[PDB]
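Student: My questions all concern the structure below.
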Amino acid sequence: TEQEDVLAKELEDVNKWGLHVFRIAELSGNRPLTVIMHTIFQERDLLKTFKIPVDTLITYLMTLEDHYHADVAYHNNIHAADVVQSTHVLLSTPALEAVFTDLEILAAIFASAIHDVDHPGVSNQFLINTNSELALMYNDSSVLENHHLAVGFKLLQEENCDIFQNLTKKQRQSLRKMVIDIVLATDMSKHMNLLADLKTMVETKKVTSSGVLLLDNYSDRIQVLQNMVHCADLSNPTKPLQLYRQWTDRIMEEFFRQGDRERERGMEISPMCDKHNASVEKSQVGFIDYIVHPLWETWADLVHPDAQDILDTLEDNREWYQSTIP
Amino acid sequence: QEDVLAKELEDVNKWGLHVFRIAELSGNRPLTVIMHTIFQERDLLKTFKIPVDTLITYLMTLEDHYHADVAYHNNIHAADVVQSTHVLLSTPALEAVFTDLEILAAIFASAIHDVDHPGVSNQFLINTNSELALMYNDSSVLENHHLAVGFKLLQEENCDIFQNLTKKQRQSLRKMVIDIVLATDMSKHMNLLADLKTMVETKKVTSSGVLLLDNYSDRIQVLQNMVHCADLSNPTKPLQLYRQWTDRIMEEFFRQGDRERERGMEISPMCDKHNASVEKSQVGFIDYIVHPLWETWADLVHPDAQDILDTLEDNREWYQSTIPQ
Ligand SMILES: O=C(O)c1ccc(-c2cc3cccnc3c(-c3cccc([N+](=O)[O-])c3)n2)cc1
Ligand SMILES: O=C(O)c1ccc(-c2cc3cccnc3c(-c3cccc([N+](=O)[O-])c3)n2)cc1
Ligand SMILES: [Mg+2]
Ligand SMILES: [Mg+2]
Ligand SMILES: [Zn+2]
Ligand SMILES: [Zn+2]
């Protein structure tokens, strides 16, 4: 019961950026996604609002967590838990207070939880290039993301797993559509278009008399949620360095494993997947300069000045990785 | 019977082919015989080094995956769309617009475009929480499935008709076929028509009057609208054929409508047998969907789609005449 109290102590930081998710993973017996999701649902009073039976929630979460691969270095249950918790913090930003309904909040969090379920540890391009069964099923379009959604929803049909059993038909219909729109937007090939639209929104931003963001149509509302989860998905470089470095170690291991498979297939090794010609530090600086910072700088503007500290950490981490190059 | 069949196939390059007769004369193998005839007519087996036996094996396997108990979306409809696309590709206004690979893609796409169709709509599959809708996240559910089945069948014994295409050709073919079949999703009609109109008001032609499509984006857009037009070509065919197609789609619709009623669902339009107006519906279908599309296409290849647009207007007049004052 002592380890349980230690876990509870750690979960007290659920509303903070930089929570130590790896520690929670260890303290929870490798159930970070289940405990963090359960904690967040209680924190947001979602069980009461949507009449979700506690046993049903725990059963679904354990089943969902089970469908993430424990043998994939990065795209596993810890990453899912991290994206869920990061999205949870972003949803609480002052600039968005009272903006989203409980159903939209539920959608964003659920989407985050299932967004990478059953990820094999290889990219969409690798699956397409190897004529995989998955790419055949999904016609080379958002292959993995379509699969994550299919699995996430299908698991709700398992014994005592339908956590949405008490939502109205209309609520279920709306939630399913929002979750699909959000997870499909996590396809990295859509990053540029997603960012392009986010920039357009910031340039034409409008706030209410309360000072919060004004979103009066589905298009704008779902666009903000899509970008929110995408930011959470790309939040590793914005976290305290000891967390960021572990995430980098994990994605590189995953990349190298894919590279070994590509080499063993006589295929041209994907970028940053060749362990015999890798520049980890220079690659992280590039990742931040061309993808992560442009995105976070834009999000920071949308919710200014709410994300200033997050942006400052990202810039400090960029500076640090750069310093390891000279 | 083979002499009669071979005789009917002589009009494979004509709009209004007796596809139903061909189905009956071929032992219900319209898709196989029509596809085979077209590949030869266009000399595609030689161009892409496709083994004759491999072509036959695949075609039969493919045709076997169309449901014989589905009134409209079966192998006869597939055969009809293939043949219709085959004719549209010969439009003089498009004589030197598409490459052989693009021609191959449009034809193959037409053949597999409705494979394994269950006889119910995407909306029905979505509202009933079907396995198919769950798999495809309510997006172009059937069309994604037709493609998946179409390509998967190539993996069956002696069924890879693209075995001799280069790596780049296969990759390009797959992309175009996917782009074309996904465009047959009826919910994308308005968007596809819009793009078609834009290409018309910004069209460029040559001396012979042939269309000039430089960008792949515009080319695939034409092929998408082409196969879409073929998919919606029933009302532009001789009346005897059109009426048979109408009987079939209505039978399929009514069978679905009953299911929507047996389950307390909002019966989809024109799916209520106890409350339907076949004739008024066809006129509406022509006025709001088919004519707008074919009129726009007619302008694109102006004026080579005049005989087709004429038959459509004649059929529209006949159906209207069957409606009492
Ligand atoms: O295909 C996908 O869905 C996918 C691919 C890559 C990443 C990813 C995650 C990272 C996390 C932490 C540090 N780096 C990560 C990188 C990454 C690493 C090195 C270089 C680059 N880059 O973009 O140049 C990116 N990529 C996520 C998702
Ligand atoms: O969901 C789909 O993929 C789908 C749905 C309907 C049709 C279709 C085919 C017709 C063929 C011949 C005459 N009519 C057809 C109609 C149709 C019939 C009556 C009215 C209408 N309409 O749109 O009003 C359409 N619909 C095809 C495909
Ligand atoms: Mg992902
Ligand atoms: Mg179809
Ligand atoms: Zn992810
Ligand atoms: Zn069709």
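In the structure tokens, each chain is lettered A, B, ... as it comes, each chain's residues begin at 1, and ligands are numbered from 1 in order of appearance.
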May I have a table of the residues of chain A lying at most 10 Å from ligand 1, giving each one's closest pair of atoms and their distance in Å to one decimal, counting only C-alpha atoms and all ligand atoms, ordered by chain and ascending residue number, as a Markdown table?
Tutor:
| residue | atom | partner | partner_atom_place_in_ligand_line | distance |
| --- | --- | --- | --- | --- |
| A:74 | CA | ligand 1 | 11 (C) | 7.9 |
| A:75 | CA | ligand 1 | 28 (C) | 8.1 |
| A:79 | CA | ligand 1 | 11 (C) | 9.6 |
| A:116 | CA | ligand 1 | 3 (O) | 8.6 |
| A:119 | CA | ligand 1 | 3 (O) | 9.4 |
| A:121 | CA | ligand 1 | 1 (O) | 9.1 |
| A:122 | CA | ligand 1 | 1 (O) | 7.5 |
| A:123 | CA | ligand 1 | 1 (O) | 4.7 |
| A:124 | CA | ligand 1 | 1 (O) | 6.3 |
| A:125 | CA | ligand 1 | 1 (O) | 8.0 |
| A:126 | CA | ligand 1 | 1 (O) | 9.4 |
| A:142 | CA | ligand 1 | 3 (O) | 9.7 |
| A:144 | CA | ligand 1 | 3 (O) | 8.1 |
| A:145 | CA | ligand 1 | 3 (O) | 8.6 |
| A:186 | CA | ligand 1 | 3 (O) | 7.4 |
| A:187 | CA | ligand 1 | 3 (O) | 6.1 |
| A:188 | CA | ligand 1 | 3 (O) | 5.4 |
| A:189 | CA | ligand 1 | 1 (O) | 8.1 |
| A:233 | CA | ligand 1 | 27 (C) | 7.6 |
| A:234 | CA | ligand 1 | 11 (C) | 6.7 |
| A:235 | CA | ligand 1 | 11 (C) | 8.0 |
| A:236 | CA | ligand 1 | 12 (C) | 5.5 |
| A:237 | CA | ligand 1 | 12 (C) | 6.6 |
| A:238 | CA | ligand 1 | 12 (C) | 10.0 |
| A:244 | CA | ligand 1 | 12 (C) | 7.0 |
| A:245 | CA | ligand 1 | 13 (C) | 8.1 |
| A:246 | CA | ligand 1 | 12 (C) | 8.6 |
| A:247 | CA | ligand 1 | 12 (C) | 5.2 |
| A:248 | CA | ligand 1 | 13 (C) | 4.4 |
| A:249 | CA | ligand 1 | 13 (C) | 8.0 |
| A:250 | CA | ligand 1 | 12 (C) | 7.8 |
| A:251 | CA | ligand 1 | 10 (C) | 5.7 |
| A:252 | CA | ligand 1 | 18 (C) | 6.8 |
| A:254 | CA | ligand 1 | 6 (C) | 9.4 |
| A:255 | CA | ligand 1 | 6 (C) | 8.3 |
| A:271 | CA | ligand 1 | 24 (O) | 7.8 |
| A:272 | CA | ligand 1 | 19 (C) | 6.4 |
| A:273 | CA | ligand 1 | 19 (C) | 9.1 |
| A:278 | CA | ligand 1 | 19 (C) | 9.8 |
| A:279 | CA | ligand 1 | 19 (C) | 9.0 |
| A:280 | CA | ligand 1 | 19 (C) | 6.8 |
| A:281 | CA | ligand 1 | 19 (C) | 8.5 |
| A:282 | CA | ligand 1 | 20 (C) | 8.3 |
| A:283 | CA | ligand 1 | 20 (C) | 4.6 |
| A:284 | CA | ligand 1 | 19 (C) | 5.1 |
| A:285 | CA | ligand 1 | 20 (C) | 8.0 |
| A:286 | CA | ligand 1 | 24 (O) | 5.6 |
| A:287 | CA | ligand 1 | 22 (N) | 4.1 |
| A:288 | CA | ligand 1 | 23 (O) | 7.8 |
| A:289 | CA | ligand 1 | 24 (O) | 9.2 |
| A:290 | CA | ligand 1 | 23 (O) | 7.7 |
| A:291 | CA | ligand 1 | 23 (O) | 6.7 |
| A:292 | CA | ligand 1 | 23 (O) | 8.5 |
Student: Let me see the file: selected residues, C-alpha atoms, as an mmCIF file, in the first residue's frame.
Tutor:
data_model
loop_
_atom_site.group_PDB
_atom_site.id
_atom_site.type_symbol
_atom_site.label_atom_id
_atom_site.label_comp_id
_atom_site.auth_asym_id
_atom_site.auth_seq_id
_atom_site.Cartn_x
_atom_site.Cartn_y
_atom_site.Cartn_z
ATOM 1 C CA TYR A 74 8.420 4.741 -28.577
ATOM 2 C CA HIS A 75 4.876 4.147 -29.852
ATOM 3 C CA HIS A 79 3.537 7.587 -25.223
ATOM 4 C CA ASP A 116 -1.554 5.197 -31.596
ATOM 5 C CA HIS A 119 1.207 0.751 -33.527
ATOM 6 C CA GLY A 121 6.768 0.523 -34.552
ATOM 7 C CA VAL A 122 7.218 1.277 -38.259
ATOM 8 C CA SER A 123 6.005 4.212 -40.395
ATOM 9 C CA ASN A 124 3.150 4.513 -42.865
ATOM 10 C CA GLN A 125 5.700 4.784 -45.659
ATOM 11 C CA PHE A 126 7.404 1.568 -44.570
ATOM 12 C CA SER A 142 -3.433 7.448 -43.303
ATOM 13 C CA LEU A 144 -1.850 3.597 -39.271
ATOM 14 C CA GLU A 145 -4.212 6.341 -38.134
ATOM 15 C CA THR A 186 -2.314 13.045 -36.289
ATOM 16 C CA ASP A 187 -1.040 11.583 -39.588
ATOM 17 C CA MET A 188 2.324 13.382 -39.845
ATOM 18 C CA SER A 189 1.958 13.788 -43.620
ATOM 19 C CA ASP A 233 1.763 14.322 -29.952
ATOM 20 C CA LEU A 234 4.737 16.581 -30.802
ATOM 21 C CA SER A 235 5.353 17.813 -27.261
ATOM 22 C CA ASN A 236 8.451 15.816 -26.284
ATOM 23 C CA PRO A 237 10.931 18.614 -27.140
ATOM 24 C CA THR A 238 8.935 21.033 -24.959
ATOM 25 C CA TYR A 244 12.888 14.807 -23.681
ATOM 26 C CA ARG A 245 16.160 12.864 -23.861
ATOM 27 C CA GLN A 246 14.421 9.612 -22.936
ATOM 28 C CA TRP A 247 11.826 10.177 -25.654
ATOM 29 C CA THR A 248 14.641 10.829 -28.141
ATOM 30 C CA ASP A 249 16.426 7.626 -27.090
ATOM 31 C CA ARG A 250 13.204 5.703 -27.634
ATOM 32 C CA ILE A 251 12.269 7.090 -31.046
ATOM 33 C CA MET A 252 15.829 6.571 -32.289
ATOM 34 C CA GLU A 254 12.448 2.522 -33.077
ATOM 35 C CA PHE A 255 13.894 4.274 -36.155
ATOM 36 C CA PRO A 271 15.952 9.281 -43.068
ATOM 37 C CA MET A 272 17.381 8.991 -39.551
ATOM 38 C CA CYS A 273 16.815 5.232 -39.588
ATOM 39 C CA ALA A 278 23.005 8.847 -37.808
ATOM 40 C CA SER A 279 23.386 12.349 -36.390
ATOM 41 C CA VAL A 280 20.953 12.317 -33.461
ATOM 42 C CA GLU A 281 21.770 15.800 -32.153
ATOM 43 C CA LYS A 282 21.663 17.520 -35.541
ATOM 44 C CA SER A 283 18.428 15.683 -36.323
ATOM 45 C CA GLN A 284 16.749 16.952 -33.155
ATOM 46 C CA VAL A 285 17.745 20.526 -33.937
ATOM 47 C CA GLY A 286 16.260 20.061 -37.403
ATOM 48 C CA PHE A 287 13.116 18.449 -35.993
ATOM 49 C CA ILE A 288 12.624 21.453 -33.699
ATOM 50 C CA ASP A 289 13.523 24.151 -36.242
ATOM 51 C CA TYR A 290 11.378 22.854 -39.109
ATOM 52 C CA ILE A 291 8.496 21.093 -37.375
ATOM 53 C CA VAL A 292 8.115 21.434 -33.629
#
Student: Pick out the chain B residues within 6 Å of chain A. Count only C-alpha atoms. Give them as a list in words.
Tutor: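 Output check: residues 134, 135 and 148 of chain B.
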Student: Please identify the residues whose atoms come within 9 Å of ligand 4, using only C-alpha atoms and all ligand atoms, and report them as a PDB file with N, CA, C and O atoms, in the first residue's frame.
Tutor:
ATOM      1  N   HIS B  73     -25.876  -3.595 -58.012  1.00  0.00           N
ATOM      2  CA  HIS B  73     -24.424  -3.598 -57.849  1.00  0.00           C
ATOM      3  C   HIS B  73     -23.799  -4.984 -57.928  1.00  0.00           C
ATOM      4  O   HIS B  73     -23.289  -5.521 -56.944  1.00  0.00           O
ATOM      5  N   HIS B 113     -14.398  -1.359 -59.299  1.00  0.00           N
ATOM      6  CA  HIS B 113     -15.033  -0.285 -58.535  1.00  0.00           C
ATOM      7  C   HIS B 113     -16.191  -0.572 -57.583  1.00  0.00           C
ATOM      8  O   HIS B 113     -16.426   0.229 -56.688  1.00  0.00           O
ATOM      9  N   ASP B 114     -16.893  -1.692 -57.754  1.00  0.00           N
ATOM     10  CA  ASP B 114     -17.992  -2.053 -56.845  1.00  0.00           C
ATOM     11  C   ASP B 114     -17.874  -3.493 -56.351  1.00  0.00           C
ATOM     12  O   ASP B 114     -18.856  -4.059 -55.879  1.00  0.00           O
ATOM     13  N   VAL B 115     -16.692  -4.093 -56.429  1.00  0.00           N
ATOM     14  CA  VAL B 115     -16.564  -5.490 -56.018  1.00  0.00           C
ATOM     15  C   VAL B 115     -16.930  -5.777 -54.549  1.00  0.00           C
ATOM     16  O   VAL B 115     -16.583  -5.028 -53.636  1.00  0.00           O
ATOM     17  N   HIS B 117     -19.848  -5.624 -53.280  1.00  0.00           N
ATOM     18  CA  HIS B 117     -20.871  -4.682 -52.822  1.00  0.00           C
ATOM     19  C   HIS B 117     -21.999  -5.495 -52.181  1.00  0.00           C
ATOM     20  O   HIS B 117     -22.502  -6.448 -52.774  1.00  0.00           O
ATOM     21  N   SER B 121     -26.238   0.979 -48.960  1.00  0.00           N
ATOM     22  CA  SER B 121     -25.430   2.199 -49.039  1.00  0.00           C
ATOM     23  C   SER B 121     -24.442   2.437 -47.898  1.00  0.00           C
ATOM     24  O   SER B 121     -24.500   1.778 -46.860  1.00  0.00           O
ATOM     25  N   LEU B 142     -17.615   1.757 -48.502  1.00  0.00           N
ATOM     26  CA  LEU B 142     -17.654   0.758 -49.557  1.00  0.00           C
ATOM     27  C   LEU B 142     -16.528   0.910 -50.575  1.00  0.00           C
ATOM     28  O   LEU B 142     -15.911  -0.078 -50.958  1.00  0.00           O
ATOM     29  N   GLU B 143     -16.254   2.145 -50.986  1.00  0.00           N
ATOM     30  CA  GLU B 143     -15.220   2.392 -51.983  1.00  0.00           C
ATOM     31  C   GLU B 143     -13.833   1.942 -51.510  1.00  0.00           C
ATOM     32  O   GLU B 143     -13.044   1.414 -52.305  1.00  0.00           O
ATOM     33  N   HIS B 146     -13.972  -1.867 -51.873  1.00  0.00           N
ATOM     34  CA  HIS B 146     -13.895  -2.356 -53.252  1.00  0.00           C
ATOM     35  C   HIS B 146     -12.423  -2.373 -53.684  1.00  0.00           C
ATOM     36  O   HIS B 146     -11.946  -3.335 -54.288  1.00  0.00           O
ATOM     37  N   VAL B 181     -11.266   5.133 -57.933  1.00  0.00           N
ATOM     38  CA  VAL B 181     -12.350   4.448 -57.231  1.00  0.00           C
ATOM     39  C   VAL B 181     -12.871   5.234 -56.031  1.00  0.00           C
ATOM     40  O   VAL B 181     -14.079   5.273 -55.798  1.00  0.00           O
ATOM     41  N   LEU B 182     -11.985   5.872 -55.270  1.00  0.00           N
ATOM     42  CA  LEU B 182     -12.448   6.647 -54.129  1.00  0.00           C
ATOM     43  C   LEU B 182     -13.362   7.770 -54.608  1.00  0.00           C
ATOM     44  O   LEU B 182     -14.259   8.195 -53.889  1.00  0.00           O
ATOM     45  N   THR B 184     -15.601   7.535 -56.807  1.00  0.00           N
ATOM     46  CA  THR B 184     -16.928   7.054 -57.190  1.00  0.00           C
ATOM     47  C   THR B 184     -17.895   7.132 -56.014  1.00  0.00           C
ATOM     48  O   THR B 184     -19.081   6.847 -56.161  1.00  0.00           O
ATOM     49  N   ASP B 185     -17.381   7.523 -54.848  1.00  0.00           N
ATOM     50  CA  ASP B 185     -18.201   7.689 -53.646  1.00  0.00           C
ATOM     51  C   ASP B 185     -19.219   8.757 -54.041  1.00  0.00           C
ATOM     52  O   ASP B 185     -18.838   9.883 -54.360  1.00  0.00           O
ATOM     53  N   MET B 186     -20.506   8.415 -54.025  1.00  0.00           N
ATOM     54  CA  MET B 186     -21.530   9.368 -54.430  1.00  0.00           C
ATOM     55  C   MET B 186     -21.607  10.641 -53.591  1.00  0.00           C
ATOM     56  O   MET B 186     -22.127  11.656 -54.055  1.00  0.00           O
ATOM     57  N   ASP B 231     -20.284   5.549 -64.323  1.00  0.00           N
ATOM     58  CA  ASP B 231     -21.040   4.992 -63.198  1.00  0.00           C
ATOM     59  C   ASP B 231     -22.478   5.523 -63.257  1.00  0.00           C
ATOM     60  O   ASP B 231     -23.434   4.824 -62.896  1.00  0.00           O
TER      61      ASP B 231
END
Student: Atom CA of residue A:316 to atom CA of residue A:240: how many Å, to one decimal?
Tutor: 9.6 Å
Student: Could you give me, as a PyMOL selection string, each residue of stretch 88-325 of chain A that DSSP assigns to alpha helix (DSSP H) when run on this structure's backbone?
Tutor: chain A and resi 88-91+102-114+124-129+133-138+143-154+169-184+191-203+218-233+241-263+280-287+293-302+308-323
Student: Atoms to include: C-alpha atoms. Write the selected residues as a tab-separated table (two decimals), in the first residue's frame.
Tutor:
chain	number	residue	atom	x	y	z
A	88	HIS	CA	-5.37	17.36	-20.61
A	89	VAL	CA	-3.08	20.24	-19.62
A	90	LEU	CA	-3.56	22.06	-22.95
A	91	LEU	CA	-7.35	21.82	-22.53
A	102	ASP	CA	-17.89	18.23	-21.89
A	103	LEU	CA	-18.45	16.05	-24.96
A	104	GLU	CA	-15.72	17.81	-26.93
A	105	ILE	CA	-13.43	17.49	-23.92
A	106	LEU	CA	-14.26	13.77	-23.70
A	107	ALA	CA	-13.57	13.43	-27.43
A	108	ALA	CA	-10.13	15.07	-27.27
A	109	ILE	CA	-9.03	12.96	-24.32
A	110	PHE	CA	-10.41	9.70	-25.71
A	111	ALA	CA	-8.82	10.46	-29.10
A	112	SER	CA	-5.48	11.06	-27.37
A	113	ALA	CA	-5.76	7.75	-25.53
A	114	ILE	CA	-6.40	5.64	-28.63
A	124	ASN	CA	3.15	4.51	-42.87
A	125	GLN	CA	5.70	4.78	-45.66
A	126	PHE	CA	7.40	1.57	-44.57
A	127	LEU	CA	4.05	-0.21	-44.47
A	128	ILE	CA	3.23	1.13	-47.94
A	129	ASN	CA	6.64	0.26	-49.41
A	133	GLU	CA	-1.65	-6.03	-45.18
A	134	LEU	CA	-2.44	-2.78	-43.37
A	135	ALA	CA	-1.60	-0.61	-46.40
A	136	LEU	CA	-3.64	-2.96	-48.58
A	137	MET	CA	-6.61	-2.58	-46.25
A	138	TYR	CA	-6.38	1.21	-46.14
A	143	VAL	CA	-2.82	3.71	-42.93
A	144	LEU	CA	-1.85	3.60	-39.27
A	145	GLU	CA	-4.21	6.34	-38.13
A	146	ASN	CA	-7.23	4.60	-39.66
A	147	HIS	CA	-6.13	1.43	-37.88
A	148	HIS	CA	-5.68	3.12	-34.50
A	149	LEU	CA	-9.25	4.40	-34.78
A	150	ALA	CA	-10.67	1.03	-35.85
A	151	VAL	CA	-9.01	-0.72	-32.91
A	152	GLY	CA	-9.87	1.97	-30.38
A	153	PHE	CA	-13.57	1.83	-31.29
A	154	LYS	CA	-13.75	-1.95	-31.74
A	169	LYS	CA	-27.47	8.43	-29.66
A	170	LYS	CA	-26.75	11.98	-30.77
A	171	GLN	CA	-23.89	12.28	-28.28
A	172	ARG	CA	-22.35	9.02	-29.47
A	173	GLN	CA	-22.69	10.11	-33.10
A	174	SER	CA	-21.06	13.48	-32.43
A	175	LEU	CA	-18.27	12.00	-30.31
A	176	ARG	CA	-17.40	9.32	-32.89
A	177	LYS	CA	-17.13	11.94	-35.64
A	178	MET	CA	-14.93	14.24	-33.53
A	179	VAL	CA	-12.63	11.40	-32.48
A	180	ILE	CA	-12.19	10.31	-36.11
A	181	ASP	CA	-11.47	13.89	-37.22
A	182	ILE	CA	-8.91	14.28	-34.45
A	183	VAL	CA	-6.99	11.00	-34.84
A	184	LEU	CA	-6.82	11.25	-38.65
A	191	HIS	CA	1.32	18.46	-40.59
A	192	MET	CA	1.96	21.27	-43.08
A	193	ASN	CA	-1.70	21.69	-44.00
A	194	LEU	CA	-2.74	21.53	-40.36
A	195	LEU	CA	-0.18	24.20	-39.45
A	196	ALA	CA	-1.13	26.34	-42.44
A	197	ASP	CA	-4.72	26.47	-41.22
A	198	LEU	CA	-3.73	27.08	-37.60
A	199	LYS	CA	-1.71	30.09	-38.75
A	200	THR	CA	-4.71	31.40	-40.67
A	201	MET	CA	-6.79	31.10	-37.50
A	202	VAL	CA	-4.26	33.02	-35.39
A	203	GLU	CA	-4.08	35.76	-38.02
A	218	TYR	CA	-17.62	23.07	-35.95
A	219	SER	CA	-14.84	23.75	-38.45
A	220	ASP	CA	-12.96	26.11	-36.12
A	221	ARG	CA	-13.71	24.05	-33.03
A	222	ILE	CA	-12.49	20.75	-34.47
A	223	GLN	CA	-9.49	22.52	-36.02
A	224	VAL	CA	-8.37	23.71	-32.58
A	225	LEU	CA	-8.84	20.21	-31.10
A	226	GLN	CA	-6.94	18.62	-34.02
A	227	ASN	CA	-4.03	21.00	-33.52
A	228	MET	CA	-4.17	20.59	-29.74
A	229	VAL	CA	-3.72	16.81	-29.94
A	230	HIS	CA	-1.11	17.21	-32.71
A	231	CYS	CA	0.82	19.57	-30.41
A	232	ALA	CA	0.53	17.04	-27.58
A	233	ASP	CA	1.76	14.32	-29.95
A	241	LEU	CA	15.29	17.76	-20.69
A	242	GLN	CA	15.47	14.54	-18.68
A	243	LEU	CA	12.10	13.53	-20.17
A	244	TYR	CA	12.89	14.81	-23.68
A	245	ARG	CA	16.16	12.86	-23.86
A	246	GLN	CA	14.42	9.61	-22.94
A	247	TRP	CA	11.83	10.18	-25.65
A	248	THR	CA	14.64	10.83	-28.14
A	249	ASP	CA	16.43	7.63	-27.09
A	250	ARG	CA	13.20	5.70	-27.63
A	251	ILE	CA	12.27	7.09	-31.05
A	252	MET	CA	15.83	6.57	-32.29
A	253	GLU	CA	15.73	2.93	-31.21
A	254	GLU	CA	12.45	2.52	-33.08
A	255	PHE	CA	13.89	4.27	-36.15
A	256	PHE	CA	17.04	2.14	-36.15
A	257	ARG	CA	15.02	-1.06	-35.89
A	258	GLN	CA	13.03	-0.01	-38.95
A	259	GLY	CA	16.26	0.88	-40.70
A	260	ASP	CA	17.65	-2.58	-40.03
A	261	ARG	CA	14.56	-4.08	-41.64
A	262	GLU	CA	14.89	-1.77	-44.66
A	263	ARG	CA	18.57	-2.63	-45.07
A	280	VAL	CA	20.95	12.32	-33.46
A	281	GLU	CA	21.77	15.80	-32.15
A	282	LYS	CA	21.66	17.52	-35.54
A	283	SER	CA	18.43	15.68	-36.32
A	284	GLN	CA	16.75	16.95	-33.16
A	285	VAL	CA	17.74	20.53	-33.94
A	286	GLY	CA	16.26	20.06	-37.40
A	287	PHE	CA	13.12	18.45	-35.99
A	293	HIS	CA	8.94	25.11	-33.03
A	294	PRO	CA	6.88	26.38	-36.00
A	295	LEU	CA	3.90	24.48	-34.60
A	296	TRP	CA	4.34	25.45	-30.96
A	297	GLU	CA	5.13	29.07	-31.79
A	298	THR	CA	1.79	29.19	-33.57
A	299	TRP	CA	-0.10	27.47	-30.76
A	300	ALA	CA	1.51	29.85	-28.27
A	301	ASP	CA	0.18	32.79	-30.30
A	302	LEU	CA	-3.34	31.35	-30.35
A	308	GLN	CA	5.07	31.06	-22.88
A	309	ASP	CA	6.87	28.74	-20.45
A	310	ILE	CA	6.32	25.72	-22.70
A	311	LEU	CA	7.76	27.65	-25.63
A	312	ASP	CA	10.69	28.83	-23.50
A	313	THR	CA	11.55	25.25	-22.55
A	314	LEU	CA	11.46	24.17	-26.19
A	315	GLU	CA	13.86	26.96	-27.15
A	316	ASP	CA	16.17	26.10	-24.25
A	317	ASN	CA	16.19	22.42	-25.27
A	318	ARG	CA	16.93	23.39	-28.88
A	319	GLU	CA	19.85	25.47	-27.62
A	320	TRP	CA	21.08	22.52	-25.56
A	321	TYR	CA	21.01	19.97	-28.39
A	322	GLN	CA	22.70	22.52	-30.65
A	323	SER	CA	25.48	22.98	-28.09
Student: At what distance in Å, to one decimal, does atom CA of residue A:167 lie from atom CA of residue A:50?
Tutor: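 Between these atoms lies a distance of 6.3 Å.
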Student: What does the list of residues within 7 Å of ligand 2 look like if you count only C-alpha atoms and all ligand atoms, written as a list in words?
Tutor: residues 121, 122, 185, 186, 232, 234, 235, 245, 246, 249, 250, 270, 278, 281, 282, 284, 285 and 289 of chain B
Student: My list of candidates is A:132, A:76, A:59, A:49. Which is closest to ligand 5 when distances are computed with only C-alpha atoms and all ligand atoms?
Tutor: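 Counting only C-alpha atoms and all ligand atoms, the residue closest to ligand 5 is A:76.
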Student: Residues at most 9 Å from residue B:96, counting only C-alpha atoms, excluding those fewer than 4 positions away in the same chain, as a ChimeraX atom specification?
Tutor: /B:92,210-212
Student: Could you tell me how far atom CA of residue A:325 lies from atom CA of residue A:239, in Å and to one decimal?
Tutor: 20.5 Å
Student: Would you mind telling me which residue in B:76, B:226, B:133, B:193 lies nearest to residue B:106 when using only C-alpha atoms?
Tutor: B:226
Student: What lies within 8 Å of residue B:91 using only C-alpha atoms, ignoring chain neighbours under 3 positions off, as a VMD selection string?
Tutor: chain B and resid 87 to 88 94 to 95 301 304 to 305
